[PDB]
Amino acid sequence: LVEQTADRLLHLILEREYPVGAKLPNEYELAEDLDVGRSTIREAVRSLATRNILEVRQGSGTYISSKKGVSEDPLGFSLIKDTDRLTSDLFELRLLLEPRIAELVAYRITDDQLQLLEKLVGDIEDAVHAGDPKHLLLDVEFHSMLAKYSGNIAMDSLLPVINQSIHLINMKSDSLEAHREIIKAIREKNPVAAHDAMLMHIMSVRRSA
Amino acid sequence: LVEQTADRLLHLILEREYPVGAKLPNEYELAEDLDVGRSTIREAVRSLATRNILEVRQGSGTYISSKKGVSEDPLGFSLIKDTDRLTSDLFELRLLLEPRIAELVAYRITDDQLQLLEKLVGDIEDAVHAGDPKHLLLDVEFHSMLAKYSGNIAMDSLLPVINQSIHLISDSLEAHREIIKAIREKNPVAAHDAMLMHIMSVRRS
């Protein structure tokens, strides 16, 4: 019943298209719109908060969470003791997924999206050349941006989780050159070349670990 | 500080290799072993419970959760309105991942694991033949079992989430036999191609 009401509550939230950060109607109103008890709606809201869909803000209200249903370590990788094995396993995933991502980006990216990719690529070069350790996080954002522009929704959700785990667990000249080759292939709308450039980058980065 | 002690508590749980369903020592002992206050350990446990790592059972104890740090719908796919597109996108992930899983299973699986796999393959046949709709969930379990036996830890965590999401939104029988045959003959290329053909067929349906 609680899980069922949580489902309908989720369905109500999607139908009304509440943006991120929006305050929900109070629980008296929700319980009436769903024809359930007040205790039932209280538990259903708490179920959706546990799933990071809602944020119960004590003293204010209950809001659409910016987490959009995804926790910090959503696949439970913090419970893996053998982090060397996990790193190798995650690179195996990246080898299987990221070349297709690069191929899809070459195929569908628009000029304004490409402009933003190239700025990030330059920012990475700038930070790398300055010995600025934030380049490691910019590198993650570059791959996440490629996943977004691939147009595969599941890739967009998944690749940040994979690459963030590798980053938390854990040549610079070669990565800069690889990024330039990937951008060049995408700029020339060449999907096979983008695929191969990305494939050779991941294999090189993996070998460095 | 609470989050620092939560990290230290997680480390302690991993060091001591507490299995799923094990009861933690009481919070007095936890705070003593971590050299921290009683109020800090209480919040650290709640932090780990929020992360689906621990289960706080009122009246009983705090336990290693079977969720293993992973919530229901851990990638938030329930918030995606275009379910037809998400389905096609998830099949593209399966096409890219499952053939390598089958390749790895053929390479790695042991005879006792293979017996379990073959039993599930038979259970699926029986359920399909009996018109039992539980075959759809058994099919999900078949792919999760392959991802487990692939020995890739990330695959083991990830493929159940992919296939559970597709599910929530007689050629298969023949394909399962072909895949098992390749695995039983320890033939990774044949297992790869049998799985690839099967996923492309399912996606087309």
# chains A, B, ... in the order shown; residues from 1 in each chain; ligands from 1

$ residues_around --residues "residue 69 in chain B" --least-positions-apart "2" --cutoff "10 Å" --atoms "only C-alpha atoms" --output "NGL selection string"
(:A and (71 or 73-79)) or (:B and (48-54 or 64-67 or 71 or 74))

$ write_last_selection --atoms "N, CA, C and O atoms" --output "tab-separated table (two decimals), in the first residue's frame"
chain	number	residue	atom	x	y	z
A	71	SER	N	21.49	8.33	-6.07
A	71	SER	CA	22.33	8.64	-4.92
A	71	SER	C	23.79	8.86	-5.32
A	71	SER	O	24.18	8.75	-6.49
A	73	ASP	N	26.63	7.10	-4.67
A	73	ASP	CA	27.34	5.92	-5.16
A	73	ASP	C	26.25	4.93	-5.56
A	73	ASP	O	25.99	3.95	-4.85
A	74	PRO	N	25.59	5.18	-6.69
A	74	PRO	CA	24.28	4.55	-6.92
A	74	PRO	C	24.35	3.06	-7.14
A	74	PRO	O	23.35	2.37	-6.87
A	75	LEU	N	25.48	2.55	-7.61
A	75	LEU	CA	25.64	1.13	-7.87
A	75	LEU	C	26.35	0.40	-6.74
A	75	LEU	O	26.72	-0.77	-6.90
A	76	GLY	N	26.54	1.06	-5.60
A	76	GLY	CA	27.12	0.38	-4.46
A	76	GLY	C	28.60	0.04	-4.56
A	76	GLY	O	29.06	-0.87	-3.87
A	77	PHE	N	29.36	0.75	-5.38
A	77	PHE	CA	30.77	0.39	-5.55
A	77	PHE	C	31.62	0.67	-4.31
A	77	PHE	O	32.74	0.15	-4.24
A	78	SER	N	31.13	1.44	-3.34
A	78	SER	CA	31.90	1.66	-2.12
A	78	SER	C	32.05	0.38	-1.30
A	78	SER	O	32.97	0.29	-0.48
A	79	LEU	N	31.18	-0.61	-1.50
A	79	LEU	CA	31.26	-1.86	-0.76
A	79	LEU	C	32.28	-2.84	-1.33
A	79	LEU	O	32.42	-3.95	-0.80
B	48	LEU	N	24.84	5.53	6.90
B	48	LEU	CA	25.04	4.32	6.11
B	48	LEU	C	23.71	3.64	5.79
B	48	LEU	O	23.56	3.04	4.72
B	49	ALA	N	22.72	3.75	6.68
B	49	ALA	CA	21.40	3.22	6.37
B	49	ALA	C	20.76	3.97	5.21
B	49	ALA	O	20.16	3.36	4.32
B	50	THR	N	20.87	5.30	5.22
B	50	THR	CA	20.41	6.10	4.09
B	50	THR	C	21.05	5.64	2.78
B	50	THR	O	20.40	5.67	1.73
B	51	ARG	N	22.30	5.19	2.83
B	51	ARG	CA	22.99	4.72	1.62
B	51	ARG	C	22.65	3.27	1.27
B	51	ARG	O	23.30	2.71	0.37
B	52	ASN	N	21.68	2.65	1.94
B	52	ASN	CA	21.25	1.28	1.69
B	52	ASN	C	22.32	0.24	2.02
B	52	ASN	O	22.26	-0.88	1.52
B	53	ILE	N	23.30	0.61	2.84
B	53	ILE	CA	24.35	-0.31	3.26
B	53	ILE	C	23.94	-1.09	4.51
B	53	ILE	O	24.23	-2.28	4.62
B	54	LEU	N	23.25	-0.41	5.44
B	54	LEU	CA	22.79	-1.00	6.70
B	54	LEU	C	21.28	-0.98	6.78
B	54	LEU	O	20.63	-0.10	6.20
B	64	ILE	N	23.76	-5.80	8.18
B	64	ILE	CA	24.26	-5.59	6.82
B	64	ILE	C	23.12	-5.84	5.85
B	64	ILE	O	22.57	-6.94	5.79
B	65	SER	N	22.75	-4.81	5.09
B	65	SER	CA	21.56	-4.88	4.26
B	65	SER	C	21.81	-5.72	3.01
B	65	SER	O	22.89	-5.67	2.42
B	66	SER	N	20.79	-6.48	2.59
B	66	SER	CA	20.89	-7.21	1.33
B	66	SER	C	20.87	-6.29	0.12
B	66	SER	O	21.19	-6.74	-0.99
B	67	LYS	N	20.53	-5.01	0.30
B	67	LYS	CA	20.57	-4.07	-0.81
B	67	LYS	C	21.99	-3.79	-1.26
B	67	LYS	O	22.20	-3.41	-2.42
B	71	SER	N	19.86	1.14	-4.30
B	71	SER	CA	18.44	1.30	-4.03
B	71	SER	C	17.61	0.67	-5.14
B	71	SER	O	18.12	0.16	-6.14
B	74	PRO	N	18.18	2.40	-9.08
B	74	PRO	CA	19.32	3.21	-8.62
B	74	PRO	C	19.77	4.27	-9.60
B	74	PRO	O	20.51	5.18	-9.19

$ interface_residues --of "chain A" --to "chain B" --cutoff "9 Å" --atoms "only C-alpha atoms" --output "VMD selection string"
chain A and resid 10 14 50 to 53 67 to 81 85 to 86 88 to 90 92 to 93 96 to 97 100 151 to 155 157 to 158 162

$ residues_around --residues "residue 180 in chain A" --least-positions-apart "3" --cutoff "12 Å" --atoms "only C-alpha atoms" --output "PyMOL selection string"
chain A and resi 117-122+124-125+173-177+183-187+194+197-198+201

$ select_by_dssp --residues "chain B" --states "strand (DSSP E or B)" --output "ChimeraX atom specification"
/B:23,54-57,61-64

$ select_by_dssp --residues "range 18-129 of chain B" --states "alpha helix (DSSP H)" --output "MDAnalysis selection string"
chainID B and resid 27:34 38:50 83:108 111:129

$ residues_around --residues "residue 128 in chain A" --least-positions-apart "5" --cutoff "8 Å" --atoms "only C-alpha atoms" --output "number ranges by chain"
A: 133, 135, 172

$ closest_residue --among "A:59, A:191, A:25, A:160" --to "residue 144 in chain A" --atoms "only C-alpha atoms"
A:160

$ residues_around --residues "residue 54 in chain A" --least-positions-apart "4" --cutoff "6 Å" --atoms "only C-alpha atoms" --output "ChimeraX atom specification"
/A:48-49,63-65

$ write_last_selection --atoms "N, CA, C and O atoms" --output "short mmCIF file (atom, residue, chain, number, x, y, z; two decimals), in the first residue's frame"
data_model
loop_
_atom_site.label_atom_id
_atom_site.label_comp_id
_atom_site.auth_asym_id
_atom_site.auth_seq_id
_atom_site.Cartn_x
_atom_site.Cartn_y
_atom_site.Cartn_z
N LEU A 48 9.73 7.97 -1.25
CA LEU A 48 10.32 8.66 -2.40
C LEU A 48 11.55 9.47 -2.01
O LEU A 48 12.46 9.66 -2.82
N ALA A 49 11.59 9.97 -0.77
CA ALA A 49 12.79 10.66 -0.29
C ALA A 49 13.96 9.70 -0.12
O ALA A 49 15.10 10.03 -0.46
N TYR A 63 10.37 18.89 -1.45
CA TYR A 63 10.73 19.48 -2.74
C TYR A 63 11.19 18.40 -3.71
O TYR A 63 11.65 17.33 -3.31
N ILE A 64 11.06 18.70 -5.01
CA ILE A 64 11.59 17.83 -6.06
C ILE A 64 13.11 17.87 -5.96
O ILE A 64 13.72 18.93 -6.09
N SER A 65 13.73 16.71 -5.73
CA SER A 65 15.17 16.70 -5.49
C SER A 65 15.97 16.90 -6.77
O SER A 65 15.64 16.36 -7.83
#

$ closest_atom_pairs --of "range 121-154 of chain A" --to "range 106-113 of chain A" --cutoff "12 Å" --atoms "only C-alpha atoms" --output "JSON lines"
{"residue": "A:145", "atom": "CA", "partner": "A:113", "partner_atom": "CA", "distance": 9.3}
{"residue": "A:146", "atom": "CA", "partner": "A:109", "partner_atom": "CA", "distance": 9.3}
{"residue": "A:147", "atom": "CA", "partner": "A:109", "partner_atom": "CA", "distance": 11.1}
{"residue": "A:148", "atom": "CA", "partner": "A:109", "partner_atom": "CA", "distance": 10.0}
{"residue": "A:149", "atom": "CA", "partner": "A:109", "partner_atom": "CA", "distance": 6.2}
{"residue": "A:150", "atom": "CA", "partner": "A:108", "partner_atom": "CA", "distance": 7.1}
{"residue": "A:151", "atom": "CA", "partner": "A:108", "partner_atom": "CA", "distance": 7.8}
{"residue": "A:152", "atom": "CA", "partner": "A:108", "partner_atom": "CA", "distance": 10.9}

$ write_last_selection --atoms "N, CA, C and O atoms" --output "PDB file, in the first residue's frame"
ATOM      1  N   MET A 145      29.993  14.681 -20.759  1.00  0.00           N
ATOM      2  CA  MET A 145      29.444  15.498 -21.825  1.00  0.00           C
ATOM      3  C   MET A 145      29.292  14.697 -23.133  1.00  0.00           C
ATOM      4  O   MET A 145      28.285  14.824 -23.837  1.00  0.00           O
ATOM      5  N   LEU A 146      30.278  13.852 -23.446  1.00  0.00           N
ATOM      6  CA  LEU A 146      30.149  12.989 -24.619  1.00  0.00           C
ATOM      7  C   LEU A 146      28.970  12.040 -24.461  1.00  0.00           C
ATOM      8  O   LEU A 146      28.179  11.848 -25.395  1.00  0.00           O
ATOM      9  N   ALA A 147      28.810  11.474 -23.263  1.00  0.00           N
ATOM     10  CA  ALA A 147      27.680  10.591 -23.011  1.00  0.00           C
ATOM     11  C   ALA A 147      26.352  11.325 -23.179  1.00  0.00           C
ATOM     12  O   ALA A 147      25.399  10.796 -23.774  1.00  0.00           O
ATOM     13  N   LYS A 148      26.259  12.546 -22.661  1.00  0.00           N
ATOM     14  CA  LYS A 148      25.054  13.333 -22.903  1.00  0.00           C
ATOM     15  C   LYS A 148      24.803  13.515 -24.403  1.00  0.00           C
ATOM     16  O   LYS A 148      23.716  13.211 -24.905  1.00  0.00           O
ATOM     17  N   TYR A 149      25.814  13.977 -25.146  1.00  0.00           N
ATOM     18  CA  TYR A 149      25.599  14.270 -26.564  1.00  0.00           C
ATOM     19  C   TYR A 149      25.451  13.026 -27.422  1.00  0.00           C
ATOM     20  O   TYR A 149      25.077  13.154 -28.588  1.00  0.00           O
ATOM     21  N   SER A 150      25.733  11.827 -26.894  1.00  0.00           N
ATOM     22  CA  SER A 150      25.478  10.631 -27.690  1.00  0.00           C
ATOM     23  C   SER A 150      24.001  10.447 -27.954  1.00  0.00           C
ATOM     24  O   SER A 150      23.627   9.704 -28.863  1.00  0.00           O
ATOM     25  N   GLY A 151      23.154  11.062 -27.139  1.00  0.00           N
ATOM     26  CA  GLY A 151      21.730  10.881 -27.263  1.00  0.00           C
ATOM     27  C   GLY A 151      21.206   9.572 -26.731  1.00  0.00           C
ATOM     28  O   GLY A 151      20.001   9.319 -26.847  1.00  0.00           O
ATOM     29  N   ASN A 152      22.066   8.714 -26.177  1.00  0.00           N
ATOM     30  CA  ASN A 152      21.609   7.515 -25.486  1.00  0.00           C
ATOM     31  C   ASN A 152      21.330   7.908 -24.036  1.00  0.00           C
ATOM     32  O   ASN A 152      22.252   8.229 -23.285  1.00  0.00           O
TER      33      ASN A 152
END

$ atom_distance --atom1 "CA of residue 98 in chain B" --atom2 "CA of residue 181 in chain B"
16.4 Å
